[PDB]
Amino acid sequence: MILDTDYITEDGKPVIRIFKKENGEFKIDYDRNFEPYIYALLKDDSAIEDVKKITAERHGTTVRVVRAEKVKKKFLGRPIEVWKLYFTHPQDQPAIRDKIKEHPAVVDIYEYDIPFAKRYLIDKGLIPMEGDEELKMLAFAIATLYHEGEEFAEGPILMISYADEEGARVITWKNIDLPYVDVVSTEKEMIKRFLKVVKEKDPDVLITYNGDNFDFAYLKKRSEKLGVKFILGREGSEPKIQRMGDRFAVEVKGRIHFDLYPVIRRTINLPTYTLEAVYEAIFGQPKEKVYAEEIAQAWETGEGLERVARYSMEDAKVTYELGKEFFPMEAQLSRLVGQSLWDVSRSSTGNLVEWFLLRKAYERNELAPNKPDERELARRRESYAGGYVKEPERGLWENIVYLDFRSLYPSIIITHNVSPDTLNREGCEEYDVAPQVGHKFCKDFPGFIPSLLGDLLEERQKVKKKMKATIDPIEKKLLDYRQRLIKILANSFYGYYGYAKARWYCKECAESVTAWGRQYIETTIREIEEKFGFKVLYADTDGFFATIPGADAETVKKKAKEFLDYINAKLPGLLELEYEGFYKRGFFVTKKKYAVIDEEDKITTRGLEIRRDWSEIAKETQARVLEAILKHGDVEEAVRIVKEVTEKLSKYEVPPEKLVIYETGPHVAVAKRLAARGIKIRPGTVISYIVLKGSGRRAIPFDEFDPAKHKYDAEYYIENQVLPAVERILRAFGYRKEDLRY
């Protein structure tokens, strides 16, 4: 299988390198005959002789057009004849493209900024990560000596840990009596020892957590300080550092540097992205953090080195475990988009769609439009208006069904052939007109994007069938990832239409999809109201909550199934309405804010106060109010609960344990008290404090709370904690803040 591609320059000529892993053997293939090229649209074919003589300079050397050939391509559905201009080296293109564009007879130039190694994969039809080759992986982490006020990598590397199927080990230059610790004489010997393990193990994948912006940079500066050739690459190279906007990225030639940090940053949403928080969210198991001060103290005193070595071992162990969990998904994403795992794991949704489109465009002889210039880019940042949101019916409702469209936006794009190449195509015999906006889309031929989107949905179904039929659990997980990634790619096309940097950007397409979506949801609502007697309580973009106010639970379910059969027969093409849940009770506060409860008595919420500055009394009272309303149907009881809680708080009857806040006023006051005890100020959600009557404008750690010495601030927990947490819920029922505080 293909791992990656790149190029080196030898005597001014580019040489493509294909890094492969075939039958348990690493291989490098070379291609010295791939010519870089760009396209040029001319007003007259006679002008080609003027374009051939256009020259520029790279580094003293004169860059010129090697040869040209006239080709026939499609450009936004219309046939076009352009000149394919060949060059000696890919770096000739940035040097001459402006001089060719500025030529009067040149209407425009195309495909002039496509990286050579990526252009090779597309043009040769090569797909990375394809096949059943098993890759060898190795995770690693480092521990450093930190001092506040010193330059980057001023202190030495204390330990280097690594982990794989054989387990986790720690290399260090101090005596540690642990079975998994290997002891060397110096920091230099430790780094050299790590090089030998990577060389002997010869892993295809090097797994790190934030290795792009820390680990590799630290190792690089230390190896320069110690005079070590840090040869991690399979061809004898040192790790290559690249610039990715405001941050960095590291390649290790011949292998795949898989940095888990950007991957997990996109996949899951967490308050903090420390290695400890991430591991605990994915595996549900705890991981203790050992801070830089504790590491430095242990190394200088020589006391407690077992604890630091165990932490270093766990870092490598959990990084290998997380790498085993996220790599197969990224390998499937690489197969899907057609680019290396290295690029795919570090790219955004917009870039992933573009690279998929660029490959498909080449396959279909479709000339790709250019990226927007700075002027055009500013023109594409205009406001938006898409998605219907109904203002909800106020009050408590019973026996509610939730109905929604299956893939509304992709269905619209396919059904109505929405594409920049079908938009207002003159002489069209058949067309669909977008409501309100009035954009017409030709139906005479399949549009580029709807055609690909249709093939994606067909491929997804073929993948789902294979998944359900395969007994092999590893293959089932792989098919599951591919299937899920196809769904995500299909649901990225709408957003891509309105994506300012997109080559195939089309605001008319984007507005048309939302206008059609507004029409389908609004027509379905009036249909269920007029012909089935349902009341639509709330609706947002592709679904709605409905009920028959005086009907029982089985009656509402039956009528909903009958409505689905009715409207699905009327819906065109791929559009389909679905039954996605029944709820015993529910209330809809405002747009995007509501709460509902299923038959299993499970409360589902959206748009509630549930920030980091919150106590167990505020969380408990909100749950109690929600339960009284949704489970008992008693809104007056929910009010009495708040009145009871505020009265108990004012009379000091609430236990202090329910007043602890876990995390500017209280926070800075508690920070001073914690720093006074030797505890360093570190970013973490571990601060547990309680607010006292401080008579200032007051916070102490909960461990030090004593009822005989301290009295909590009842007014603070009423006005800043309990009331704000329940206020939005009870304001929907007509109650003000003052109607609850006794």
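The first residue of the shown sequence is 1; numbering continues from there.
The modelled chain is continuous from residue 293 to residue 294, with every intervening residue of the deposited sequence accounted for. Deposited sequence between residue 59 and residue 60: no residues lack coordinates (chain continuous). Higher mean CA temperature factor, per the PDB entry, when comparing 457-465 with 274-282: 274-282.
Mean C-alpha B-factor is higher over 220-228 than over the other stretch, the pair under comparison being 330-338 and 220-228. Between the residues 84, 257, 174, 484, it is 174 that shows the highest Cα B-factor in the PDB record.
The PDB entry assigns the greatest CA B-factor among 139, 623, 109, 668 to 668. When the CA B factors of the chain's modelled residues are split into thirds, the value for residue 355 lands in the lowest one. Among the modelled residues of the chain, residue 516 sits in the lowest third by CA temperature factor in this PDB entry. In this PDB entry, the Cα temperature factor of residue 472 sits in the middle third of its chain's modelled residues. Remark: residue 68 belongs to the middle third of its chain, ranked by C-alpha B-factor as recorded. Annotation for residue 186: CA B-factor lies in the highest third of the chain's modelled residues.
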